[PDB]
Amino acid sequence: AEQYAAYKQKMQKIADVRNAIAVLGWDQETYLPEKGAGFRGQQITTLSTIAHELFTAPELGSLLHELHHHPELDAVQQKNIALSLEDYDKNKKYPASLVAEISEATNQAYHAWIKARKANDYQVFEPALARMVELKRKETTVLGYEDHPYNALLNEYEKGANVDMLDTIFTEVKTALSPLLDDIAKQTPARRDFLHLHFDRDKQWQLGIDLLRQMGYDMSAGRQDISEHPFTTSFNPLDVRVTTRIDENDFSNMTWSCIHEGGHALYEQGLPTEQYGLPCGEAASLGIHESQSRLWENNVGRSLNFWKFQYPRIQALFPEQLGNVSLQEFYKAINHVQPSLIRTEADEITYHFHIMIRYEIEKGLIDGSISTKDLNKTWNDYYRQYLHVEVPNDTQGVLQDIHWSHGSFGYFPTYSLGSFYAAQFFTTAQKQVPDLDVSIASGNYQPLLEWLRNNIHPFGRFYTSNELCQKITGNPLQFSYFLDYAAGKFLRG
């Protein structure tokens, strides 16, 4: 037990540094004075270097290798050791020259992306992106893979993800959601401009706080602040902070941002404090985290049952805006589906075409079948073919998303995975929790939070996303769940 305690001590020290970094980044987004930005960046970099030194330390590797041969340890301890050894060895695969090259190319891509957006011309970004793609292919060979090099990068951002699995899912997205979009486009346009009336900022703020409280967010172990882009950050399970943004002329923004972040935050508040710093105390994956945000935002937060209780309350809050708007009109308006250009603004149906396009492009960039030369034309053709929209300039097209300039290849699919897990989990909860829908329609979200806290939150990384989904639902991830949820909301009135 002495050796396992030394492992825990080392990991908890690393986690202390990483959470200090999180505090500095949270303040950077919320309260940092403008002229302090440079020193704040320097301070984050210094701490990041220290954390990395600690997690690559030879003594930690020797300890992990010793603990791998301890059959005495319990299931959680053994899983912690195994996952931490995987995390540790990943770094040891990379040659130092490749690490330095990736860092230099990421800096160059950051600067080139900024100036490309400001010139509104992808060709400004193109050389940096070509360099990035070359280095990413080298990285696939360093990481190793089977069947397709892109699998090495997919696996980085979602353990287990691969081209076979994702090709199947996205073929289903195409073949099932394209007809659904054709059906939606023939529908009569819905009233909706009431969402762009004036919604008092202080009333919106308190509404979001109230909704988070009702969801189960522990505001003695968290808090909300304003930031430019809503996010959730945890410094430990007892200090999980969310941000939101308020548009006084667009009610669609804050309320659903708050519910979305609430879903992340409830997960983080449910991870065990005794596993702080260890794999079984961390969220299972980006896809599972996204399933929590989407399950609350959409499967709950856009559902008629949720609004049967919440709508009269928000009408009372905003009677000049909503007092002559019916529950059905409001429900239809908050579920407006429309092919559009910007992924971050897309409704929950068309969103997945955005992801599919990025997936196909990344898959071609990494296998060599798609070049970065004239990538804007490729992008625009994909958008016209699948979403029936005509990209008017590059900032509305290939330059919209920052991920590639950060070197984040294999990241985009996790957004869709999150949505599809959310549907599979929520439908399963509706089966397994007897009075779930009635409870939701009566304003009680505790049975749902309890189900999540028994089935997902406390396990950390103990189960992979696949094992988790199979254990809870009796099935691997199946797009059919999302389809039935979406068709049920969009196709029969």
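All residue numbers are counted from 1 along the displayed sequence.
A summary of the deposited B-factors shows that, of 454 to 462 and 429 to 437, the stretch with the larger mean C-alpha value is 429 to 437. The mean C-alpha temperature factor is higher for 371 to 379 when 371 to 379 and 284 to 292 are set side by side. The entry assigns its greatest Cα B factor, within the set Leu278, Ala422, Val142, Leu238, to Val142.
Residue set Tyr122, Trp307, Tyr359, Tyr217: peak C-alpha B-factor at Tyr122 (per PDB entry). Ranked by C-alpha B-factor against the other modelled residues of its chain, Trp205 falls in the lowest third. In the deposited entry, the Cα temperature factor of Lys174 places it in the middle third of its chain's modelled residues. Ranked by C-alpha B-factor against the other modelled residues of its chain, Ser62 falls in the highest third. Sort the chain's modelled residues by C-alpha temperature factor and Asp250 lands in the middle third, per the entry. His336 sits in the middle third of its chain by CA B factor, as recorded in the PDB entry.
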